[PDB]
Each structure stands twice: as structure tokens, then as C-alpha cells.
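If you want the building blocks of each chain, they are given just below.
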Amino acid sequence: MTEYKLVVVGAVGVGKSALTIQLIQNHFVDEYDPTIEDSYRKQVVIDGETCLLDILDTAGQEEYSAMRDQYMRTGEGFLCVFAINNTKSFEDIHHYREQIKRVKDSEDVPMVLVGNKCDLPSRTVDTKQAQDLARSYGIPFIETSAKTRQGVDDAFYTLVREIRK
Amino acid sequence: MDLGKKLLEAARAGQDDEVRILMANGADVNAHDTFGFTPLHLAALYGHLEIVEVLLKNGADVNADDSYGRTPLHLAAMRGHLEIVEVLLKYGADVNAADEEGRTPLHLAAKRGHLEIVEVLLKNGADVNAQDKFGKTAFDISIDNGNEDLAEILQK
Ligand SMILES: Nc1nc2c(ncn2[C@@H]2O[C@H](COP(=O)(O)OP(=O)(O)O)[C@@H](O)[C@H]2O)c(=O)[nH]1
Ligand SMILES: [Mg+2]
């Protein structure tokens, strides 16, 4: 069965770990420690092909990581996560996309833009602004809620579909 | 009064004074957040040796595990906190403890490239050949990463 090395990137507190745990464990976490960088795995069925997900949930980017750099060189898809209530996280997408382009040495890498915490009533980051950025990058944009599971499978599924292409 | 939260925070932040005081007023060394981190997990993860010891000496559970099955030893290995790994063992940490994926501390250290910790775990009776629930072992991880120095340790 096929293995996909997925990298989850984005600013601290956007809900990367909360997304990873909702996908693999089917449970929401409030409080998950913000510097634990682990790679969780998950067997799924995507479009009739049993396949294995090997997801790195980046944390602690402040400090250096041997295994994080190795995941970045080798990784196959990227989830670029921002929070819909954090304008700084949206701005940081620019730096993450550019960093991926440089480590991978390629204008075209499998990527999905994720606007997390869409379960939330107040929203500082407009749907059009996010859709325009994804449309300028030529990549899908998916709204997600790690709390309600909305769009969570879709985000990880679409990325696997983008690697197949 | 919720001194469990006040103790966890203190353990993470490396405030050995606040930890001493908090326990003196009967704060529970096996408090845990909504994902099962004990003060020991946090101290280990964040590299706080004096705090790790004072927690253990005060009866903290060394083989406590979070809701993904990780012991404090797992986390100490994860980060490459060598002197902590040793004292966790000296106080009875299970070397071959397996998280929800079946990974032992050897897998995690091997995977991060923490070779000094791999050497020490093996010396305390780590099982070189244990498979996680997807079949992988330390040696699978060395080949999967092209890590030459690790694959060497795992033979001669
Ligand atoms: N309402 C809501 N809260 C979330 C969501 N995702 C994460 N959070 C919360 O935001 C905090 C940060 O999540 P975390 O996974 O630590 O993000 P990370 O720091 O990127 O790994 C936690 O308290 C989560 O409960 C979401 O989709 N909706
Ligand atoms: Mg996190």
C-alpha cells in the first residue's frame, strides 16, 4: 500500500496538532502542548486505494530540527494552515509557501491551503482574500474546523489527490 | 484552589522554586491536562532536570502516559534530553514502553537522529528489534532515513 509523507505547516496556535489528532483519533483537543513535534500515522481508504498517511505536525519552529528538515526535503504534500481569526497566521502563509519552494527546489509542489477554526463566530480573515491567495498559488483552499471535524478529512484527502496528480 | 494547573505551568516553565512551594501546599504531582500530560511529562519534554528529579523524589508516576500513549521517557527521548532519559530509567521507567502506534522510545530517538540516546536506551535493555504496529523497527528507520551512523550502532 502507498505511503504519503504529509507535512502540516503554519504559525503557532492555528490548530495543526488539533487537526492531526481529530483526523487520526476522532477527538478535539483544547490544550495540546504547543512544542511537541511528532509524526502520527493513519491507515485510510482514499478513492478505493488503502493507503498509509505519515503526517508530520510541525511545532517548535523557534528551535532547530534534524527530523523536521528531513521531512521537509523528502515530504510529498504540504498542509498550509492558518486560523480564520488570526491575520498574522494568514500573512505567514507567504513565508511558508516560499520556504517550501526553496527546500523542494520547485515552483510546483503538492499543497493545500487550510483556513482552520471556521466553527468560530468572529473571523478576521476573509474567505475571498484566502480564495484569491490559493487561486494565485494554483492550489486548493479548504475551510476546516478541528472542533466539529468539518473539512478535516477533505483537507487531508485533497492533498493525497494532489500528490497522485 | 487548583494548584494542579499552577504546578503543570511551573513544571513547563522551569520554575523549580514555584514547584517546591506548590507541592509543599499539597498540589498533586500527578495532575494532568485534558490530554494526560503530567508535570513530569512537561518537565521531561522541556529539559528541566532539577524539576524532573524533585517530581520523582516526590512520588510522581514515571510511566504515566498521555492520551497518545507516550511516557515521560518517550518525550525525553523525543527531545534529546540525555541526562533526563538516564534519571527516568534510574527511577524505573519502562525502556520498551509502547505508545498508541506501538513506538518505543528507541523508535522515537532513532527517528529524530538522537544517537547518544539510542546507545543509552539499548544499554538499559531496549529491544533493538521491536516492531511498531505498522511493522517498522529501528533498523527500518535507519534505512528509511539513510542514516548511516544509526545503522552502524544497530550492529557493531
Ligand atoms: N474553536 C476551535 N478551536 C481550535 C481549532 N483548532 C484548534 N483549536 C484550539 O486552538 C488551540 C491551538 O490548537 P493547536 O492544535 O495547539 O495548534 P498548533 O499550536 O498549531 O499545534 C487549542 O486550544 C485548540 O483547542 C478549531 O478548529 N476550532
Ligand atoms: Mg502543535
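By convention in this text, residue numbers begin from 1 on each chain and track the written sequence, not necessarily the entry numbering, and residues missing coordinates are not displayed. Following the order in which they are written, the chains are lettered starting with A and the ligands numbered starting with 1. Side-chain metrics rest on all non-hydrogen atoms present in the structure, leaving aside hydrogens and water. Residues with missing side-chain atoms are left out of burial classes, side-chain pairs and their counts.

Trainee: Pulling in residues and values, what's your account of the overall build of chain A?
Mentor: Strands are runs of DSSP state E lasting at least 2 residues, helices are runs of H or I lasting at least 4, and numbering of each runs from the N terminus. In terms of helices and strands, chain A carries five helices and six strands. In chain A, the order of α-helices and β-strands from amino to carboxyl end is β-α-β-β-α-β-α-β-α-β-α. Radius of gyration here uses only the C-alpha atoms, and the compact-globule reference equals 2.2 Å multiplied by the residue count raised to the power 0.38. The globule rule puts the C-alpha radius of gyration for 165 residues at 15 Å, and the 15 Å found for chain A is close to it. The principal-axis extent of the C-alpha atoms belonging to chain A is close to 40 × 35 × 35 Å. Across chain A, every contact between residues at least 6 apart in sequence was considered, and the portion connecting residues at least 24 apart equals 71%. Every residue pair with non-hydrogen atoms within 4.5 Å of one another is taken to be in contact.

Trainee: Summarise the overall build of chain B; cite the residues concerned and give the values.
Mentor: Counting its secondary structure elements, chain B contains 10 helices and zero strands. Counting from the amino terminus, helix and strand elements in chain B follow one another as α-α-α-α-α-α-α-α-α-α. At 16 Å, chain B has a C-alpha radius of gyration in line with the 15 Å of a compact globule built from 156 residues. Along the longest, intermediate and shortest principal axes, the C-alpha atoms of chain B span 50 × 25 × 20 Å. Counting contacts in chain B only where the partners sit at least 6 residues apart, residues at least 24 apart contribute 65% of the total.

Trainee: Give me the lowdown on the interface of chain B and chain A, citing residues and values where you can.
Mentor: Each partner contributes to the interface: chain B provides 23 residues, whereas chain A provides 23 residues. The term buried area denotes the loss of accessible surface (1.4 Å probe radius) that occurs when two parts are joined, taken as the sum for both partners. Considering only the side of chain B, the residues that lose the most area to chain A are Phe35, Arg112 and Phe134 of chain B, jointly responsible for 28% of the buried surface there. For this document, the term salt bridge refers to a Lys or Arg side-chain nitrogen within 4 Å of an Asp or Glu carboxyl oxygen. Counting every contact that joins chain B to chain A gives six salt bridges. The residue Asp132 of chain B makes a salt bridge to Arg41 of chain A at a minimum N-O spacing of 2.9 Å. A 3.5 Å cut-off defines polar contacts: any pair of N or O atoms within that distance qualifies, except that in protein one atom must be a possible hydrogen donor and the other a possible acceptor, and neighbouring residues in sequence count only when both atoms are side-chain atoms. Linking chain B with chain A are 12 residue pairs in polar contact. Sorting the residues of the side of chain B that touches chain A by element identifies α3 (39–46), α5 (72–79) and α7 (105–112) of chain B as the ones contributing at least two each. When grouped by side-chain class, the residues that make up the side of chain B that touches chain A number nine nonpolar, three polar and 11 charged. Here the term charged refers only to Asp, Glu, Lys and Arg, the term nonpolar to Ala, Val, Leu, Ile, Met, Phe, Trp, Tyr, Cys and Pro, and the term polar to all other amino acids, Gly among them.

Trainee: Explain the site of ligand 1 to me, and be specific about the residues and the numbers.
Mentor: Residue and element names in this part refer to chain A. Around ligand 1, the structure places 18 residues, and the nearest of them are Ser17, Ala18, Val29, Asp119 and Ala146. The contact in question runs from an oxygen atom of ligand 1 to an N or O atom on the backbone of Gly15, over 3.0 Å. Between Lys117 and ligand 1, the recorded distance is 2.9 Å, taken from a side-chain N or O atom to an oxygen atom. For every accessible area listed, the method is Shrake-Rupley and the probe measures 1.4 Å; residues are considered covered only by the protein chains on display. For ligand 1, the protein covers 86% of the area, taking 570 Å² as the surface of the free molecule. The leading source of residues in the shell around ligand 1 is helix α1 (residues 16–25), at three residues. Split by residue class, the shell around ligand 1 holds seven nonpolar, five polar and six charged. Residues are labelled near a given molecule or strand when at least one of their non-hydrogen atoms is within 4 Å of it.

Trainee: An account of the pairing of strand β3 (residues 49–57) of chain A is needed here, citing residue identities and associated values.
Mentor: Residues and elements named next belong to chain A. Here the rule is simple: two strands pair whenever DSSP picks up at least two bridges between them. In terms of strand pairing, strand β1 (residues 2–10) meets β3 through seven bridges, oriented parallel. Paired with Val7 across the two strands is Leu56, which belongs to β3. As paired strands, strand β2 (residues 39–46) and β3 are joined by eight bridges and run antiparallel to one another. If you follow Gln43 over to β3, its bridge partner there is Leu52. Linking β2 back to β3 in an antiparallel pair, the connection comprises two residues, with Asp47 at a positive phi of about 55°.

Trainee: Pulling in residues and values, what's your account of the UniProt feature "short sequence motif: Effector region" in chain A?
Mentor: Per the UniProt record, "short sequence motif: Effector region" is annotated on residues 32–40 of chain A. Taken as a whole, residues 32–40 of chain A contains 0% helix and 22% strand, while its terminal C-alpha atoms sit 14 Å from one another. UniProt positions are given in the numbering used here, feature names are shortened, and annotations may be inferred rather than shown by experiment.

Trainee: Give me unusual backbone geometry: which residues, what numbers.
Mentor: Residues and elements named next belong to chain A. Residues other than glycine seldom take positive phi values, yet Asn26 does so here, at roughly 60°. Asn26 gets classed as exposed once you look at its relative accessible area, which sits at 54%. Positive phi, normally seen in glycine, also occurs at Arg149, with a value near 75°. Inspection of the secondary structure assignment puts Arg149 in the loop between β6 (141–143) and α5 (152–164). Here the term buried applies to any residue with accessible area under 20% of the maximum for its type, exposed to any over 50%, and partly exposed to those in between, with areas from a 1.4 Å probe on protein chains only. Its relative accessible area of 21% is what places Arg149 among the partly exposed residues.

Trainee: Let's hear about the side chain of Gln22 of chain A: which residues, and what values?
Mentor: Residues and elements named next belong to chain A. Relative to the assigned elements, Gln22 resides in helix α1. Its relative accessible area of 3% is what places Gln22 among the buried residues. At 3.5 Å, the side chain of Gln22 forms a polar contact with the backbone nitrogen of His27. Ignoring anything within four residues of it in the chain, the contact list for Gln22 reads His27, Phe28, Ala146, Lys147, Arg149 and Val152.

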